[PDB]
file final20.cif (mmCIF, C-alpha atoms and all ligand atoms)
data_protein
#
loop_
_atom_site.group_PDB
_atom_site.id
_atom_site.type_symbol
_atom_site.label_atom_id
_atom_site.label_comp_id
_atom_site.auth_asym_id
_atom_site.auth_seq_id
_atom_site.Cartn_x
_atom_site.Cartn_y
_atom_site.Cartn_z
ATOM 1 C CA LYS J 1 198.136 155.817 -73.239
ATOM 2 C CA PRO J 2 200.336 155.327 -76.331
ATOM 3 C CA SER J 3 197.236 155.164 -78.567
ATOM 4 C CA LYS J 4 195.711 158.564 -77.642
ATOM 5 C CA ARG J 5 192.306 156.937 -77.128
ATOM 6 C CA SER J 6 189.499 157.766 -74.705
ATOM 7 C CA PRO J 7 188.464 155.699 -71.664
ATOM 8 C CA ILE J 8 185.439 154.355 -73.755
ATOM 9 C CA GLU J 9 187.194 153.854 -77.117
ATOM 10 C CA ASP J 10 189.690 151.563 -75.371
ATOM 11 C CA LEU J 11 186.845 149.550 -73.852
ATOM 12 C CA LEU J 12 185.166 149.253 -77.261
ATOM 13 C CA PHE J 13 188.396 148.121 -78.920
ATOM 14 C CA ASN J 14 188.918 145.513 -76.198
ATOM 15 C CA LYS J 15 185.315 144.275 -76.437
ATOM 16 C CA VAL J 16 185.544 143.442 -80.171
ATOM 17 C CA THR J 17 187.850 140.718 -81.484
ATOM 18 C CA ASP J 18 197.800 130.111 -87.644
ATOM 19 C CA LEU J 19 194.466 130.313 -89.461
ATOM 20 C CA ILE J 20 195.511 133.526 -91.225
ATOM 21 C CA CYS J 21 198.758 131.953 -92.441
ATOM 22 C CA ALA J 22 196.969 128.755 -93.483
ATOM 23 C CA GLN J 23 194.483 130.752 -95.561
ATOM 24 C CA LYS J 24 197.296 132.887 -97.002
ATOM 25 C CA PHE J 25 199.092 129.748 -98.188
ATOM 26 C CA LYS J 26 195.932 128.925 -100.182
ATOM 27 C CA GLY J 27 196.100 132.241 -102.057
ATOM 28 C CA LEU J 28 193.676 134.358 -99.983
ATOM 29 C CA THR J 29 195.242 137.531 -98.573
ATOM 30 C CA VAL J 30 193.961 140.510 -96.580
ATOM 31 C CA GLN M 1 202.109 109.079 -86.777
ATOM 32 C CA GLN M 2 204.285 110.231 -89.679
ATOM 33 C CA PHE M 3 203.170 113.639 -90.995
ATOM 34 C CA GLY M 4 201.052 116.475 -89.638
ATOM 35 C CA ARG M 5 198.429 118.873 -90.948
ATOM 36 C CA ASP M 6 197.201 122.386 -90.203
ATOM 37 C CA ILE M 7 193.674 123.800 -89.888
ATOM 38 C CA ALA M 8 193.379 124.130 -93.678
ATOM 39 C CA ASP M 9 194.157 120.379 -93.977
ATOM 40 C CA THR M 10 197.463 120.673 -95.832
ATOM 41 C CA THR M 11 200.800 119.039 -95.070
ATOM 42 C CA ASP M 12 202.552 121.074 -92.373
ATOM 43 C CA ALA M 13 205.243 118.782 -90.932
ATOM 44 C CA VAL M 14 207.021 115.618 -92.055
ATOM 45 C CA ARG M 15 209.165 112.929 -90.437
ATOM 46 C CA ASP M 16 212.499 111.947 -91.964
ATOM 47 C CA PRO M 17 212.597 108.130 -92.236
ATOM 48 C CA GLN M 18 216.362 108.032 -91.698
ATOM 49 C CA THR M 19 216.943 109.979 -88.456
ATOM 50 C CA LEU M 20 213.466 110.098 -86.815
ATOM 51 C CA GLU M 21 213.515 113.905 -87.024
ATOM 52 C CA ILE M 22 210.442 116.101 -87.504
ATOM 53 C CA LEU M 23 210.792 118.893 -90.073
ATOM 54 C CA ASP M 24 208.357 121.782 -90.441
ATOM 55 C CA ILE M 25 207.475 122.637 -94.046
ATOM 56 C CA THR M 26 206.721 126.186 -95.108
ATOM 57 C CA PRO M 27 206.075 127.526 -98.629
ATOM 58 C CA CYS M 28 208.810 129.696 -100.077
ATOM 59 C CA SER M 29 208.187 133.392 -100.575
ATOM 60 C CA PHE M 30 205.391 134.622 -102.850
ATOM 61 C CA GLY M 31 203.132 137.644 -103.122
ATOM 62 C CA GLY M 32 201.545 140.291 -105.298
ATOM 63 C CA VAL M 33 203.273 143.004 -107.326
ATOM 64 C CA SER M 34 201.715 146.421 -107.992
ATOM 65 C CA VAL M 35 203.089 149.288 -110.087
ATOM 66 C CA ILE M 36 202.733 152.920 -108.986
ATOM 67 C CA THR M 37 202.960 155.335 -111.903
ATOM 68 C CA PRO M 38 201.928 158.864 -112.790
ATOM 69 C CA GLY M 39 200.434 159.430 -116.225
ATOM 70 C CA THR M 40 202.475 158.447 -119.251
ATOM 71 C CA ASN M 41 201.744 162.009 -120.408
ATOM 72 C CA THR M 42 203.921 163.194 -117.487
ATOM 73 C CA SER M 43 206.805 160.749 -116.993
ATOM 74 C CA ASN M 44 207.995 157.187 -117.544
ATOM 75 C CA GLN M 45 209.401 156.476 -114.070
ATOM 76 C CA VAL M 46 207.560 153.918 -111.934
ATOM 77 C CA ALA M 47 207.713 152.384 -108.467
ATOM 78 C CA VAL M 48 207.031 148.785 -107.451
ATOM 79 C CA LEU M 49 205.221 147.510 -104.354
ATOM 80 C CA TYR M 50 205.614 143.895 -103.234
HETATM 81 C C1 LIG Q 1 219.652 103.621 -91.911
HETATM 82 O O1 LIG Q 1 221.005 103.163 -91.943
HETATM 83 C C2 LIG Q 1 221.951 104.172 -91.557
HETATM 84 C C3 LIG Q 1 223.327 103.571 -91.729
HETATM 85 O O2 LIG Q 1 223.532 102.478 -90.846
HETATM 86 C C4 LIG Q 1 221.676 104.644 -90.128
HETATM 87 O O3 LIG Q 1 222.544 105.733 -89.834
HETATM 88 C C5 LIG Q 1 223.179 105.558 -88.548
HETATM 89 O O4 LIG Q 1 222.275 105.032 -87.563
HETATM 90 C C6 LIG Q 1 222.872 104.836 -86.272
HETATM 91 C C7 LIG Q 1 221.820 104.196 -85.397
HETATM 92 O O5 LIG Q 1 222.334 103.890 -84.108
HETATM 93 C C8 LIG Q 1 223.372 106.169 -85.726
HETATM 94 O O6 LIG Q 1 224.020 105.953 -84.477
HETATM 95 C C9 LIG Q 1 224.341 106.809 -86.710
HETATM 96 O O7 LIG Q 1 224.715 108.102 -86.248
HETATM 97 C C10 LIG Q 1 223.702 106.923 -88.091
HETATM 98 N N1 LIG Q 1 224.649 107.466 -89.052
HETATM 99 C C11 LIG Q 1 224.883 108.775 -89.186
HETATM 100 C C12 LIG Q 1 225.892 109.159 -90.226
HETATM 101 O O8 LIG Q 1 224.309 109.612 -88.496
HETATM 102 C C13 LIG Q 1 220.227 105.090 -89.979
HETATM 103 O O9 LIG Q 1 219.938 105.360 -88.611
HETATM 104 C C14 LIG Q 1 219.280 104.011 -90.488
HETATM 105 N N2 LIG Q 1 217.900 104.463 -90.416
HETATM 106 C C15 LIG Q 1 216.918 103.743 -89.863
HETATM 107 C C16 LIG Q 1 217.315 102.410 -89.300
HETATM 108 O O10 LIG Q 1 215.762 104.150 -89.816
#

call {"tool": "encode", "arguments": {"input": "final20.cif", "output": "structure tokens"}}
result
Amino acid sequence: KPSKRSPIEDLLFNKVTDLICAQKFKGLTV
Amino acid sequence: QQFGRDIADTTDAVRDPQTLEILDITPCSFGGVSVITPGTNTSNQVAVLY
């Protein structure tokens, strides 16, 4: 894999997840 | 319908009342500006992050 992650770390990263731009245009950035 | 809105309920698109064309509206560039400096007891040069 290009991420150098384990068979379980990949599952965990897949199992957890215009709005961003709309909020950014109101002055709130991340 | 004449103009559209996004999730945040602000004007996103408009309709030109001379050619029936729909134009998307986006705000022009803006952001924050930070200054990276060592101590003034060391140097006066700085760097800028946009
Ligand atoms: C407002 O009037 C102008 C001028 O007559 C119109 O512009 C022309 O509209 C015709 C409509 O068949 C087009 O074929 C032409 O190409 C238009 N002119 C140009 C330079 O493009 C315009 O459409 C009118 N707007 C309305 C009626 O909403």

call {"tool": "residues_around", "arguments": {"input": "final20.cif", "residues": "stretch 11-27 of chain J", "least_positions_apart": "6", "cutoff": "9 Å", "atoms": "only C-alpha atoms", "output": "short mmCIF file (atom, residue, chain, number, x, y, z; two decimals) with C-alpha atoms, in the frame of the given file"}}
result
data_model
loop_
_atom_site.label_atom_id
_atom_site.label_comp_id
_atom_site.auth_asym_id
_atom_site.auth_seq_id
_atom_site.Cartn_x
_atom_site.Cartn_y
_atom_site.Cartn_z
CA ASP M 6 197.20 122.39 -90.20
CA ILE M 7 193.67 123.80 -89.89
CA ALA M 8 193.38 124.13 -93.68
CA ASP M 9 194.16 120.38 -93.98
CA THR M 10 197.46 120.67 -95.83
CA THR M 26 206.72 126.19 -95.11
CA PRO M 27 206.08 127.53 -98.63
CA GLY M 31 203.13 137.64 -103.12
#

call {"tool": "residues_near_ligand", "arguments": {"input": "final20.cif", "ligand": "ligand LIG 1 (chain Q)", "cutoff": "8 Å", "atoms": "only C-alpha atoms and all ligand atoms", "output": "number ranges by chain"}}
result
M: 17-20

call {"tool": "write_last_selection", "arguments": {"input": "final20.cif", "atoms": "C-alpha atoms", "output": "mmCIF file, keeping the file's coordinate frame"}}
result
data_model
loop_
_atom_site.group_PDB
_atom_site.id
_atom_site.type_symbol
_atom_site.label_atom_id
_atom_site.label_comp_id
_atom_site.auth_asym_id
_atom_site.auth_seq_id
_atom_site.Cartn_x
_atom_site.Cartn_y
_atom_site.Cartn_z
ATOM 1 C CA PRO M 17 212.597 108.130 -92.236
ATOM 2 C CA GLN M 18 216.362 108.032 -91.698
ATOM 3 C CA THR M 19 216.943 109.979 -88.456
ATOM 4 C CA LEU M 20 213.466 110.098 -86.815
#

call {"tool": "closest_residue", "arguments": {"input": "final20.cif", "among": "M:13, M:49, M:28, M:36", "to": "chain J", "atoms": "all atoms listed in the file"}}
result
M:28

call {"tool": "closest_residue", "arguments": {"input": "final20.cif", "among": "M:30, M:23, M:35, M:45", "to": "chain J", "atoms": "only C-alpha atoms"}}
result
M:30

call {"tool": "atom_distance", "arguments": {"input": "final20.cif", "atom1": "atom CA of residue M:12", "atom2": "atom CA of residue J:30"}}
result
21.7 Å

call {"tool": "atom_distance", "arguments": {"input": "final20.cif", "atom1": "atom CA of residue M:33", "atom2": "atom CA of residue J:29"}}
result
13.1 Å

call {"tool": "atom_distance", "arguments": {"input": "final20.cif", "atom1": "atom CA of residue M:25", "atom2": "atom CA of residue M:1"}}
result
16.3 Å

call {"tool": "residues_around", "arguments": {"input": "final20.cif", "residues": "residue J:1", "least_positions_apart": "6", "cutoff": "12 Å", "atoms": "only C-alpha atoms", "output": "JSON, numbers by chain"}}
result
{"J": [7, 9, 10]}

call {"tool": "closest_residue", "arguments": {"input": "final20.cif", "among": "M:29, M:42, M:16, M:47", "to": "chain J", "atoms": "only C-alpha atoms"}}
result
M:29

call {"tool": "closest_residue", "arguments": {"input": "final20.cif", "among": "M:11, M:44, M:2, M:34", "to": "chain J", "atoms": "only C-alpha atoms"}}
result
M:11

call {"tool": "decode", "arguments": {"input": "final20.cif", "residues": "stretch 12-30 of chain J", "atoms": "N, CA and C atoms", "output": "CSV table (one decimal), in the first residue's frame"}}
result
chain,number,residue,atom,x,y,z
J,12,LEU,N,-9.8,0.6,10.0
J,12,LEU,CA,-10.3,1.6,10.9
J,12,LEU,C,-10.4,3.0,10.2
J,13,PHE,N,-9.5,3.3,9.3
J,13,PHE,CA,-9.6,4.6,8.6
J,13,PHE,C,-10.7,4.6,7.6
J,14,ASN,N,-11.1,3.4,7.1
J,14,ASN,CA,-12.2,3.4,6.2
J,14,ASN,C,-13.6,3.4,7.0
J,15,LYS,N,-13.5,2.9,8.3
J,15,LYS,CA,-14.8,2.8,9.0
J,15,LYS,C,-15.2,4.2,9.7
J,16,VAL,N,-14.3,5.2,9.7
J,16,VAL,CA,-14.6,6.5,10.3
J,16,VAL,C,-14.6,7.5,9.2
J,17,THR,N,-15.6,8.3,9.1
J,17,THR,CA,-15.7,9.4,8.1
J,17,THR,C,-15.6,10.8,8.8
J,18,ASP,N,-19.2,20.6,-0.4
J,18,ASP,CA,-19.6,22.0,-0.6
J,18,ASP,C,-19.9,22.6,0.8
J,19,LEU,N,-20.2,21.8,1.8
J,19,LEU,CA,-20.4,22.4,3.1
J,19,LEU,C,-19.2,23.1,3.7
J,20,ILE,N,-18.0,22.5,3.5
J,20,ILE,CA,-16.8,23.0,3.9
J,20,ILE,C,-16.5,24.4,3.3
J,21,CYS,N,-16.7,24.5,2.0
J,21,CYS,CA,-16.5,25.8,1.3
J,21,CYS,C,-17.6,26.8,1.7
J,22,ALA,N,-18.8,26.4,1.9
J,22,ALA,CA,-19.9,27.3,2.4
J,22,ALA,C,-19.5,27.8,3.7
J,23,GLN,N,-19.0,27.0,4.6
J,23,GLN,CA,-18.7,27.5,6.0
J,23,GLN,C,-17.4,28.4,5.9
J,24,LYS,N,-16.5,28.1,5.0
J,24,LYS,CA,-15.3,28.9,4.8
J,24,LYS,C,-15.7,30.3,4.3
J,25,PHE,N,-16.6,30.4,3.4
J,25,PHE,CA,-17.1,31.7,2.9
J,25,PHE,C,-17.8,32.5,4.0
J,26,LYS,N,-18.1,31.9,5.1
J,26,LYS,CA,-18.6,32.7,6.3
J,26,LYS,C,-17.6,33.0,7.3
J,27,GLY,N,-16.3,32.7,7.0
J,27,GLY,CA,-15.2,33.1,7.9
J,27,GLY,C,-14.7,32.0,8.9
J,28,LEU,N,-15.2,30.8,8.8
J,28,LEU,CA,-14.8,29.7,9.6
J,28,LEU,C,-13.9,28.7,8.9
J,29,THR,N,-12.7,28.7,9.3
J,29,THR,CA,-11.7,27.8,8.6
J,29,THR,C,-11.2,26.7,9.5
J,30,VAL,N,-10.6,25.7,8.9
J,30,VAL,CA,-10.0,24.6,9.6
J,30,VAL,C,-8.5,24.5,9.4
